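Heads up, the thing below is written out as structure tokens.
Cβ placement follows ideal geometry from the backbone for every residue including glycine, while neighbour counts extend to all protein chains displayed. None of the figures in this text is laboratory data; all of them are computed from the coordinates on show.
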Amino acid sequence: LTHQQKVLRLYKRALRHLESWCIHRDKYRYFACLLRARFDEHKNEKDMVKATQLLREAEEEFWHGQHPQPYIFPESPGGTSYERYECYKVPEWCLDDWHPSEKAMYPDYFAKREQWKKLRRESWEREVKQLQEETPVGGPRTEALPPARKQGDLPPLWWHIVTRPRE
Amino acid sequence: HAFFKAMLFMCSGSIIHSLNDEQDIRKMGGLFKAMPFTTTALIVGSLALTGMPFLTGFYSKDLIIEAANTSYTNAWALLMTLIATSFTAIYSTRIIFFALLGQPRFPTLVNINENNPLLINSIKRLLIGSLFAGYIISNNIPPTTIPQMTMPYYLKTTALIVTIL
Amino acid sequence: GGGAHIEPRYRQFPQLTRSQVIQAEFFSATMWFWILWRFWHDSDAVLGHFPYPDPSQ
Amino acid sequence: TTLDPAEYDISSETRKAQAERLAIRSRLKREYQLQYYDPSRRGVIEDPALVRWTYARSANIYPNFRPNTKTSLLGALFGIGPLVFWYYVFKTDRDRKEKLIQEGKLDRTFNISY
Amino acid sequence: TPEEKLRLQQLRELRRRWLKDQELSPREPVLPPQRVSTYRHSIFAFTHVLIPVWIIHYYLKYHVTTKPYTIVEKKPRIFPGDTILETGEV
Amino acid sequence: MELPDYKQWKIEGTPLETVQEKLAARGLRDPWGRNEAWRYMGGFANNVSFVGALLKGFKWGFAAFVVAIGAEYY
Amino acid sequence: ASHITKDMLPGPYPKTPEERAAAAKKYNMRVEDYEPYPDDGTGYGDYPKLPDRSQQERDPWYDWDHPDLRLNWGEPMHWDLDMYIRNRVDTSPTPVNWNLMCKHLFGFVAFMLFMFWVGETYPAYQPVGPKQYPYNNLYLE
Amino acid sequence: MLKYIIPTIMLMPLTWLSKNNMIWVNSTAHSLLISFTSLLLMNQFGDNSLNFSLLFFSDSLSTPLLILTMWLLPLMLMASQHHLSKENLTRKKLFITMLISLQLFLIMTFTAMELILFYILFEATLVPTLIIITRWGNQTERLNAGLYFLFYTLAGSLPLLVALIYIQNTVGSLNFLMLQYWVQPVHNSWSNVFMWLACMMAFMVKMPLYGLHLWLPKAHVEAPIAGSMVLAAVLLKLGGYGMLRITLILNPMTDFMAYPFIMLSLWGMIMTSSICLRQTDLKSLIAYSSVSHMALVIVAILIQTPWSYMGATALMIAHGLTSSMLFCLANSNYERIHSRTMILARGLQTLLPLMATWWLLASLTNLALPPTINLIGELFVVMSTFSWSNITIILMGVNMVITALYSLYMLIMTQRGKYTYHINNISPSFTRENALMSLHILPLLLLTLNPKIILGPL
Amino acid sequence: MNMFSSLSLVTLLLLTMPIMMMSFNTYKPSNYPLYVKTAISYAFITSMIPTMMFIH
Amino acid sequence: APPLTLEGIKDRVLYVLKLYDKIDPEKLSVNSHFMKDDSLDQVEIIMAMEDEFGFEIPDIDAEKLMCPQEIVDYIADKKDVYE
């Protein structure tokens, strides 16, 4: 993380912590531009300690008095009912063993199920042809070419390209 | 007491399912956003929760704190139990003043729904029995003990005034 | 999906079905019919009281 | 209590060449996902971090061990310590009860059970 | 960022295409298969409640004559003296 | 579907929007107000009342005590 | 059948730079604040080179943690520091150490002395002397 | 046993005599037919006592104990067929015969009529169980655990021959427990202390203590193929009942030195329960549970005076069905995940919903749901040692509280998400996996209907 | 007088009937939240009867 | 119980262009790229959807949100939109 974008990680949560405490909507909305004037103290300057002392005093009065049980937007890392839908929980590929008269239903769905597998069954003449080439030695985050230079299939095929939908 | 919150969590449960994901006292609005009936159901319950002026549990709540007149307590106990009668009463309006009073505010696609006679059968069956709870059972009972029957000046009903403030 | 009994909104105050409000209105009255037996007939202390019970002589 | 936990410190420009410690793990992550994505695996990953975990915890602690310190002989203050103390409770017990059971009586007369 | 531009364009042509694939129900694809197959209130409750009445009452009439402690019903709690006795009370 | 059209609300009453007039001694000033003034105005100032509204407007609080009392009464 | 550096060994100073990472990559090039020096204090039966403890700890807490699964659920490859105490434990909140609850429980510690007093309703206190006169002194007549 | 050992020895010239793969269906078929003959001639009345025929059987009169001994052989053959079918047929049939031979000595044992036939049968085991650990086990460090499986039980049991023949030449003859009417008392000496010491200490080798029990999480940790003889090792540990035979008489009055066996089995009781909440092995997880409430019964016996023999009769079979059933849970979920480490099993409860009921009721026998056969005896251990003193409820009650966590510590490990892995472990709990998982609670709660037969003299 | 507590034992018996019908022994076309609600619906008046005999 | 399709977000992302009074309703509809219109123009432009949508807006959502239709693109991946 860099020093300039360290301002941005605080700036969104500076106002996000405030609407936890408000009672109206305009009461929170009146303090948006009102807090903006403090942000408009040093508009554009150098990147040295003058920009760090604006953040070094943003240690206090940001963590100091921070969010007394705030809003959480319940579908989140925290919050209630964040992972509540777990009786279903999307068991993708639980459907290998059937021993049919249980595979009687959905006839066209299984006919398409084996169809997509040939896209995964034939990708390593193309994906592994660039997997040895795109990585220089052992370097950074290893996504492929996002078109794979002819046809990107996927590169992340198929557990990510057919990833779990929510309900 | 068994009448009360099985109504109340279920009456508030229709409100949360109406929005389907916040379950916060934040972002609620006023009472009348096409919500006639369940707001009428809450104020039956919330006024009873203030400390029973003549509502559902009046023949049980009042005959005990006025049975604390003749006692042999710590005397810190009567200086601790009767104060919470106000603290019970301020629980009531807290959902009135924050979910039922102010301007309408919560996120959009307002998909409210209150039309299911399955739920209407449940609420109507309770409140008929809820209001006549302490007033039919205690109306016909063989007596067991001796009542107080003396509640003097400056010592008698001021816990109701504790609820008023 | 299947039914359009109550419409979706964009904060325009979508109206009610105008039949729940009758039953909403009825049980706001029979609860205040019960303001009858609060005072009539019921008092705060139907007991009588003591004259600061002094006269021992 | 447990902890402060010191979620903020200083930078700019302490240890400019310290970065790309993710290059250790992203090479393993590339070795992870290439092992993870294949048309036929039918089995678990070897995952040697759990192999080196339990076997260097359940076993290979007694070859590590030596009694060259008294803080390794410190277990005398926890194992045999209270084990004398419960008997120091219980030896004082059961005899004071017995003397009141031998000399004098205190029980009810309908104590068939027991 | 201009790097992920070709990303998430073919992914929408793969993931949502898989969801276009996943949205699939050919003529309600239940077979089921084979085979097939209010006012009464005549036997739905009569099998429910009206049958176990006679069985358990037989289990009590055949119980008091066997066990020496049957029902152990308490005293009369009578303030006057009445016709079940011969005397009266003021 | 197409209910939130622009140039629709166009803040006109809304005494809550007097705080945007309050910042005129500082100057911010135009952008923006329509977010917090989305659903405050219109019939959204219905504004359910004080203790009378928990008596439900005195609409049914004291209706049937004078009609029930009373006859016979000899 | 993995025999090469199958576990830890009698460390921690048998050329500790050649420990991490010829195998067991807890450190990248023996300067990552996770080189296998942290044998707590040895002599005991603790961990040796031990790709183990005093590395940065006190929580895997199931964070946002999107660059892999990587928090606690979804198997990052080789970052084992300590386990079996953390599937139910967390990081620091906004308040700090202050044990005010014993002072909060001290509210009855003043009224614990009030437990010695009596609680008769009538009459009032008049706490000046023995003129209160609790029990029976004289006879009928 | 008139003819109980007699039909089952004829089952032995039937394994290698038979055909090919028919040997599994044939061996199970004959085996259940003996189970009725066990039930029939036994369970007779009944008032002190049923001396059965002669000098080889006293009919297990005071404690039946013998029905449980005969379930297991038509119960493990269906379990051992998980991972055994990779060898020659003549080598696999030898593995069948040695387990059948294990039952025959234990059929004559638990009745045994005597004491000089007891010890030769008390040591008649440990020969077939040791061979099972050596061949067709798991990965290495087997052979030291085979040596720790010896050199303790044999180390402690040898002074019994020093003790018993010293009794046989002194006072009468120990052929008959019922000719033990004349029993001289034993006073406090410096010779008689050792006489009681060798009489008792060998029985602490099998049902363990806080001491000398390191071998017990070796045979259960390093174990045969899929809990095969591990189920038999459950009866091997509980089958040290013979303290009930011996110390009921034959120095009963030495209780002055009972205390360090009371205390050591009591603080060690509360300790070894919590010694496994940070364990990383499934087969070690049930093993330390099997120490704790098996160490509960020892203070029920050295403390005399029944209302203690009542529950201790039932507490032997309490985990004897339960821990055998838990090992059946642990023998499963290993043919599908080939490592026994519990942490790798995140993301269960969704692939196998049918056996998820069986996880619930099994661990509901440790909380134990007081109308069962488990909390019907633990209340009588309460009923005894509270009459000893008022302190004993404390350390014994926390044992009922630690295993409340320690059982549900396993159940919650099944519930996790997205499972990260497992293109294997597909198999949705086939017929052998769930029919063998049955027939444990199916007699257990059945015995809770009229629990009259599970009662000692007593 | 025998039917003072006999109706209580009937009340303490019909709860098992949705459990006895869980064994798929000619079970009802499923409607199981409805069938349970009906099973509770007739026990209440059965529960109402011996309350009147107690207060006499 | 109410479903959702592609057309709801195509209203709202275009609507907040006119809701914010700094941006006139004369820009481009779906691809304005926001540089022709540092803080408070990459956070404030999505602080309104913090009020309306508000699913906490993670750290990677800033550097993608330059292309205003690339804002709309991944929401259908998150909100699981039709077909």
Positive end of the charge dipole of chain G (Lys, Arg +1 and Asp, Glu -1 on Cβ, about the Cα centre): tell me which of G:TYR27, G:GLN132, G:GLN56 has its Cα farthest that way. G:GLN132
Which whole-number percent gives the relative contact order of chain H, counting Cα pairs below 8 Å spaced six or more residues apart? 16
Calculated [θ] (222 nm, deg cm²/dmol) that DSSP helices of n ≥ 4 give over chain D, each run adding -39,500 (n - 2.57): -11000 deg cm²/dmol
What number, in percent, do you get for the relative contact order of the range B:32-95 if the mean sequence gap of Cα pairs under 8 Å and at least 6 apart is divided by its residue count? 43
At 25 °C and a viscosity of 0.890 mPa s, what translational diffusion coefficient does Stokes-Einstein give for chain I, taking Rh as the Kirkwood radius over Cα pairs? Give it in µm²/s as a whole number. 193
When the distances between all Cα atoms of the range J:8-79 are binned every 5 Å from zero, what whole-number percent does each bin get? 3, 14, 32, 31, 16, 4
Would you mind giving the mean number of other chain beta-carbons within 10 Å of the Cβ of each residue in B:16-29, as a whole number? 3
Computed for the protein assembly as shown: size of charge dipole around the Cα centre, +1 on C-beta of each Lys and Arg, -1 on C-beta of each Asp and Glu, debye to nearest 20, value 2280
Charge dipole of the protein assembly as shown about the Cα centre (unit charges at C-beta), most positive-ward option of E:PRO68, D:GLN33, H:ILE100: H:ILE100
For chain B, take every pair of Cα atoms, bin their distances at 5 Å starting from 0, and report each bin as a whole percent. 1, 7, 14, 17, 16, 14, 11, 8, 6, 4, 2, 0, 0
If I model a spin label at H:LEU212 and D:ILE45 as a point 7 Å from the Cα along the Cα→Cβ vector, what separation in nanometres do I get? 4.8
Take the Cα radius of gyration of the range H:15-151 and divide it by 2.2 N^0.38 Å, with N its residue count; two decimals is plenty. 1.24
Just need the relative contact order of chain A here, percent rounded to a whole number, with Cα pairs under 8 Å and 6+ apart. 18
Under a straight-distance cross-link criterion of Cα-Cα below 19 Å, which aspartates and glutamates are reachable from A:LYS50, leaving out those fewer than 8 residues away in the same chain? A:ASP40, A:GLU41, A:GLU59, A:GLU60, A:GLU61, D:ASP9, D:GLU13, J:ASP38
Virtual spin-label span in nm between A:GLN151 and A:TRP63, 7 Å along Cα→Cβ: 5.4
Taking 29 Å as the cut-off for C-alpha to C-alpha distance, list the pairs among A:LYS12/J:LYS27; A:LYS6/H:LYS418; A:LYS89/A:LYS112; A:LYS43/J:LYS22; H:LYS19/H:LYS237 that go past it. A:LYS6/H:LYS418; H:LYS19/H:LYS237
Measure nothing but the geometry: give the 0 to 90° angle between the long axis through the Cα atoms of H:392-411 and the longest principal axis through the Cα atoms of chain H, rounded to 10°. 20
Over the Cα atoms of the range F:1-59, what Rg and Dmax result, in angstrom? 15.8, 47
Estimate the FRET efficiency between H:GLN139 and J:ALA62 by the formula 1/(1 + (r/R0)^6), using the beta-carbon distance for r and 45 Å for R0, to the nearest 0.05. 0.30
Mind listing the Cα extents of the range B:65-109 along all three principal axes, in Å, largest one first? 59, 16, 14
Footprinting exposure proxy for G:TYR27, H:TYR409, H:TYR181 (fewest neighbouring C-beta atoms within 10 Å first): H:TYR181, H:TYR409, G:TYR27
Averaged over residues of C:17-25, the number of beta carbons from other chains lying within 10 Å of each residue's Cβ is 5
Pairwise FRET efficiency - I:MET52 versus B:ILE128, Cβ, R0 = 22 Å, nearest 0.05: 0.60
To the nearest 0.05, how large is the calculated FRET efficiency for H:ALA29 and J:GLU7 if R₀ is 56 Å and r is the Cβ-Cβ distance? 0.20
Can you order the peptides A:134-143, A:19-28 by their average number of other Cβ atoms within 10 Å per residue, highest first? A:19-28, A:134-143
For chain D, take the longest principal axis of its alpha carbons; what is the angle in degrees between that and the long axis of helix D:80-92, to the nearest 10 within 0 to 90? 20
Taking the Cα centre of the range J:8-79 as origin, work out the dipole magnitude from +1 charges on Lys and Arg Cβ and -1 charges on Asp and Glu Cβ, in debye rounded to 20. 340
Chain E: percent of C-alpha pairs farther apart than 20 Å? 78
Hypothetical label at C:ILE22: residues of the range F:31-74 whose amide nitrogen lies under 20 Å (7 Å Cα-Cβ projection): F:60
Return the average number of partner chain Cβ atoms within 10 angstrom of each residue Cβ along peptide D:18-28. 6
Radius of gyration and Dmax for the protein assembly as shown's Cα atoms, expressed in Å? 39.9, 120
Strictly greater than 34 Å: what percent of every Cα pair in chain H meets that? 34
Stokes-Einstein, Kirkwood over Cα pairs, the range H:333-458, 10 °C, 1.306 mPa s; D in µm²/s equals 91
Relative to the compact globular guide of 2.2 N^0.38 Å, what is the alpha carbon radius of gyration of chain G, as a ratio? 2.24
Between H:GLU335 and H:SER53, what is the spin-label point distance in nm, taking each point 7 Å from the Cα along the Cα→C-beta axis? 4.0
Nearest 10 degrees, 0 to 90: what angle lies between the long axis of helix H:259-273 and the longest principal axis of chain H (Cα atoms)? 10
Picking from E:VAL90, E:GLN22, E:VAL36, whose Cα lies most toward the positive end of the charge dipole for the range E:17-90 (charges on Cβ: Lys, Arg +1; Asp, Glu -1)? E:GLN22
For chain A, with only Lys/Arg (+1) and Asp/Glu (-1) charged at the beta-carbon, what is the dipole magnitude about the Cα centre, in debye rounded to 20? 460
For the range A:18-167, alpha-carbon Rg relative to the globular expectation (2.2 N^0.38 Å, N residues): 1.78
